[PDB]
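Just the one chain here, the form deposited in one PDB entry, laid out as structure tokens.
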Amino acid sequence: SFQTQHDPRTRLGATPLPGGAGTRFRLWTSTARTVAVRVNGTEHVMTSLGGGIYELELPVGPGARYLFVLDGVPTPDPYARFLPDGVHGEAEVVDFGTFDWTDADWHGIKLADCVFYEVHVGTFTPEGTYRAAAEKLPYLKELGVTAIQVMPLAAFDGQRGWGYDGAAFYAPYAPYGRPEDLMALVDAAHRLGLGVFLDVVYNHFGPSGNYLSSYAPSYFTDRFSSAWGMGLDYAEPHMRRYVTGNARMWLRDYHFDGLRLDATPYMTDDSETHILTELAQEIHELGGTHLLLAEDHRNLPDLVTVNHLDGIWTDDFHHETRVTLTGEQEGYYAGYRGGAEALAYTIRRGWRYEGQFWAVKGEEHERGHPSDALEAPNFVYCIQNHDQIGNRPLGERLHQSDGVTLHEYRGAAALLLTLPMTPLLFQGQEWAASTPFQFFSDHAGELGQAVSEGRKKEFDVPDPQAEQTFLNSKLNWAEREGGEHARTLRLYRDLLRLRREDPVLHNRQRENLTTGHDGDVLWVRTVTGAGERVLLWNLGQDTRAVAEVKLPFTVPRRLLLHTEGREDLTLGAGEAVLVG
């Protein structure tokens, strides 16, 4: 008896009418005295319906260009479905009924079957478009990943950016392609049996191109702020519906299989039903198999067990792994010792901080909650993602940080890809890509100057506003064909094939997973009715024979995969082996 709050009849923005009758335009404003729509250059006064709702139907079709005029001020549509001239321009009317989907035999993907591959459309290919990305889908399928995780696509200002400055949440960013180019990418992925997930940002709007306050200041509150502006007021139903209607668009109209909710701790809501719960209700109402993930640092199981999200990006594993390999201690890295015994614990517990004191200077508090309720798929683990590369001054990848060997990098891959938690890889990780992933932006005027200045002060550091910073982050595909890039890629292919094929690694129960250490050797054991597997990773500086590792059980004898392809059960520094 949950009923969606959305009815296509009353949808805000511009929606094609049945029977070729044109387009229905609707908006909500709490303050405007005169309200019109300007379509293809012609102004038309809209009808006041009450409650600040205004509507007009005109015989214009998909492709018509428009914006709204509030007290005489031309104002972009916050509900725009496409913005061909960017965030300050006219919107285009879009009909989602026109695309010829071919994915009727695709039925989504379960979280326990996901191996995510995080793509930034702008840098993933030279062209930096959906069409060029779609051409790499056969590569990704053969690699062995199963779900692409696309960084945010809502239109933002400028000609490149990560996506977190999105301002028109319903409008796919024009430089990447038109709406039908995005649909083509999703359809192609589905035809290859790959899922596609979208990063959405429901805790803030970017600094340029968000005109919601022009319609109603009450979308936002002064009670709290975001990085860019006034906080999103989830006590206001139109604000709630702005994001739930957006989530439903991406899933239903673009056929995404799931959403990754950025920075869920900053979606503040004291309503009886939290906006996260309502998001889950609203997407479920669609009657599909779509998933919701939370990017959440609180180590809070309620995101799954109370808000009914499917899983959580949980950085403690990432951080413990990075500190193990570099020893770094700046910022949040000070929260971790690293090492075999530390990694064994963090894996055992899913996340490390379950209520203990987080002693990181400037952030001190009792962090986290017991992880017992969560099962292995609920934790999304990684050793690289956009933030853990890009939020470093030089945007360097794990194998490029001082002190990290390619052997250690390859061992880390074996640990991540044999665990029953849900793994994520960042584009290019699989071939030890040579290029960084730096923070880049392209804001106008003073705002652009402020971003450059802000980055300099924060931490030579690449200027985020420089074209070169964007280009330096482009993947170099050709390099994967040679040398250590190719060797790394072969290992990633072998690990992803084992993950898929090995009947014991199919385990998705923490009950069947145990961990421990002997000195600097980590061991991770899986026992099911199908057999036993043990991953051993030598995080020491010396060579360790498997036979000399002290274990509380009898080590399996058969060598299934060695990260440096050795024939014998011995681990050089940084190396790992899976036995069975």
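Under this definition, the rigid core comprises the largest set of C-alpha atoms superposing within 1.5 Å between the forms. When you see a residue number, it is the position in the sequence shown, counting from 1.
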item	value
Sequence continuity check, residue 459 and residue 460 (deposited residues unmodelled)	4 to 9
Mean Cα B-factor comparison, 264-272 or 303-311, giving the higher one as deposited	264-272
Of 280-288 and 354-362, the one with larger mean CA B-factor	354-362
Candidate residues 341, 484, 236, 494, the one whose C-alpha B factor the record puts highest	484
Out of 225, 244, 146, 438, residue topping the C-alpha B-factor column of the entry	225
Among modelled residues of the same chain, the CA temperature factor third for residue 517	middle
Chain-wide C-alpha B factor ranking for residue 553, given as lowest, middle or highest third	highest
Residue 547 CA temperature factor, ranked by third within the chain	highest
Third of the chain, ranked by Cα B-factor, where residue 169 sits	lowest
Residue 118 - Cα temperature factor, lowest/middle/highest third of chain	lowest
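The form deposited in another entry exists for this protein as well; it is not shown, and the discussion that follows is about that form.
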| property | result |
| --- | --- |
| Of 229, 175, 327, 448, the one whose Cα moves 2 Å or more between the shown form and the other one after core superposition | 229 |
| In the other form, shift in Cα separation for residue 228 relative to residue 366, 3 Å or more | closer |
